[PDB]
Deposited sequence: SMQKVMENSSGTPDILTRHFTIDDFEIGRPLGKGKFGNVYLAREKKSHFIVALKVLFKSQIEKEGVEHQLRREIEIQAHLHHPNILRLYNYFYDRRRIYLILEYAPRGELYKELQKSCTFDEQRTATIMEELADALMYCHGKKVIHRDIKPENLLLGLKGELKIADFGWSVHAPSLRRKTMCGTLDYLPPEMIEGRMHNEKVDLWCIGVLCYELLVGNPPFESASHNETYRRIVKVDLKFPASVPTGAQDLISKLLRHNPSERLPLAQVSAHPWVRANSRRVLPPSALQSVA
């Protein structure tokens, strides 16, 4: 039930500062390995995000899925808030994409099946959006995707609790990810912001020779200016390309 910093053993830092204060730890009593993230109240008070966090924790609280990084519990002292989180042995996806340069059909299709199920799960649990930028994606022991997500009078509570992202923002981000996995960079990258924005709004999508027909079809169906035209999650996990190339592993979850 209750917890203190005194019942964990630190192994090493994980972020290199990139992801804040994050640590490989195990609980002294069980030798169960978690990832422990320390949040300074001074950084929270400052950015005024105390209600996001409250609510974020309530979101994670009942989010049990093998492709969603698990929050086990939390605790706090006079100055810090500690999150007891699932440890993803293969670390960040974006590093594995560098080692790989690009991902084959199977790896990329597998990741599209894992995302599509993670997000469908989330809708069925009244959580209508999740942040999918490649920064937020971790890899399980057997390579499996692990989505890791943290970060006046007329303002409604949803604005104060951070919950303002639309359902169809992710469908777009799925397209972007799929492309970047196969090509090794995002579809609208450019020398400048001005040029990138113009490319994003004009959806100036161009497929190189290294993207198989089946992916082009999926990606083209996700990356639509009009959000109503974007391919639903249910159809993303049912896409022929995705289904043919997906070799997805499951843990004893």
{"query": "Ranges of the deposited sequence (numbered from 1) for which no C-alpha atom is modelled", "finding": "1-17, 169-184, 287-292"}
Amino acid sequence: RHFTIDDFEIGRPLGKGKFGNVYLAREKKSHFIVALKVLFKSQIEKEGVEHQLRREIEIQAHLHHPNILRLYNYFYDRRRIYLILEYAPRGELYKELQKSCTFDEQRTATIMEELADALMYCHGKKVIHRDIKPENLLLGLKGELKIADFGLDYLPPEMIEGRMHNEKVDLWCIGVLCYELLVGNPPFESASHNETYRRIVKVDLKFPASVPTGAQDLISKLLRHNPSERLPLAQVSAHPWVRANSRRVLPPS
From here on, numbers count along this sequence of modelled residues.
query: Of 161-169 and 83-91, the stretch whose C-alpha atoms average the higher B-factor in the entry; finding: 161-169
query: Which of 174-182 and 152-160 has higher mean CA B factor, as the PDB entry lists it; finding: 152-160
query: Modelled-residue ranking by C-alpha temperature factor, third containing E189; finding: lowest
query: Chain thirds of CA B-factor: placement of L97; finding: middle
query: Third assignment of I44 from its chain's C-alpha B-factors; finding: middle
query: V38 - Cα temperature factor, lowest/middle/highest third of chain; finding: middle
query: Lowest, middle or highest third - CA B-factor, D204; finding: lowest
